[PDB]
Structures are given as C-alpha cells and as structure tokens.
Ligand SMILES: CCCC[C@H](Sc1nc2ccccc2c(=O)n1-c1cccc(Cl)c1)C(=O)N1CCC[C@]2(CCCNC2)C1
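A single chain, nothing else alongside it, follows as structure tokens in the form solved without the ligand.
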C-alpha cells in the first residue's frame, strides 16, 4: 500500500495500533490491526460522525485493518498527574467535550460501555475524542430501547447496577463512568476497585465520608456534581441534560 507503518501507538487486545503515514500526501492516520466483535466495531464506526469521536476513515482486510483519525495528543490518561489530577479548568473543558461526545452517541442509540481515560484521545488542539468502539453496542433501535445484560467495561469505571442486576439501562452506566473520569481528572486517583458493598472505599462514599481521599482533594462545586453522578440507584442518578445545568459545569474557570 501507500502507507508506511511508522511506529506502534497502542498495543494489546486483538492487535497493536500503529501510526501510518502516506508517503505521498503525507497525511498521518492510525491503523488498528486485528487478527481473528470486530464486525460490530466496524459497523458501529460507520454510523459515527462527530468532532468528539475518533474519525473512522474506512477499512480493508488483507486480519482486518481499520483506519482511524490520528490523535497526536495521546490519551487523556497521560494528562493526569497521579495523586494531583489536573488544573480544574482543563478538567472542565475536557468534561464538556466528553459530554458532547456522549450526548451524540446516545442520540444515535449507541453506548460505548468502556469510557475511561485510556479511551479518551487528544488531537493537536487538545480536543477530546472518544475512542475504541469494540465494546460499544446498540441500546436504541427504531426508537425502541433495549436493556443491557452482558457485563462489559473496566471495574473501577463500572456502574454498580451492572454488578448486581440481570438487566440495566445503558445511558446511566455511561454517565457513571464519566463521573469516575471526572474524579480521576480532579484527584489523580480512582475512588475504588469496583463499586460493590464488599468494597470499603465505595461503602465510605455511600456513607458520605468526603473527608477521605480522593474527595477531600476536590473542590465543593465539582464534588456536588459527583454527588449527583455517583448515585447508586441508576433511576436516581443525574442524567446528561441535567448535568448540563449543574453549577460547576456552568462555572467559568481560569
């Protein structure tokens, strides 16, 4: 082909992700290599078009190769200093972009199911892009909502209902994991291993022990939002349109 695999960008799972550069136009893109879920990832990618979602260029199979937008900014994960987090103004901006990305996905009945800082990429202007749809699934089709039942995700970003219920709504699960992401951004640590009662840290949160880490590192305005997102009852949990009206979310930041 006309593309040279310059270097490995990401690794693990089905295949490593590599940076390809066109030796003619010289445009750079990302190439995901998978050797035989992948069918659904491609299908889903075809539906997506948003400036806060990693662009899908197209695909070819020599082992399937997917051409994705290249984010030179790397992953959000690497903008979080451990135990510190990041300046609140950057966190808010990143959160606003994450919300737009998610509103969009949910708007077309798609749930990501694995929202975490490793999957939130940054472009050259530090714009955030939702990445990897290999675990994404349809939760609304023909205006009909389907509850989920398969357990997906990453334990620290996972919502509690997903551990204790046979079926659950998709949207609040993505909302929960965005809250865990906000926590990571403002405190540089994850609150718990998983959201179960067997887990001391989660039990402490439910009891409102905000004088513990990581909550003590978080200003009271964002923390009030986190109080509304990390609500155990997925029916009580704040929804995105209501997040959009939250005081911290609308607070101008230096």
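Residue numbers count along the first chain shown, from 1.
Keep in mind that the form solved in complex with the ligand is not shown, yet the notes after this line are about it.
Taking non-hydrogen atoms only, residue 117 approaches the ligand to within 4.5 angstroms in the bound PDB entry. Of the heavy atoms in residue 173, none are within 4.5 Å of the ligand in the bound PDB entry.
Contact between residue 90 and the ligand in the bound PDB entry is not found at the 4.5 Å heavy atom cutoff.
Using a 4.5 Å cutoff between non-hydrogen atoms, residue 190 counts as a contact of the ligand in the bound PDB entry. Just one of 162, 102, 128, 184 comes within 4.5 Å of the ligand in the bound PDB entry, counting any heavy atom, and that one is 184. Contact with the ligand in the bound PDB entry, defined as a heavy atom within 4.5 Å, holds for exactly one of 178, 148, 110, 80, namely 80.
Residues placing heavy atoms within 4.5 Å of the ligand in the bound PDB entry fall in a single listed stretch, namely 82-90, out of 139-147, 102-110, 82-90, 162-170.
Along 195-212, a non-hydrogen atom within 4.5 Å of the ligand in the bound PDB entry is carried only by 201.
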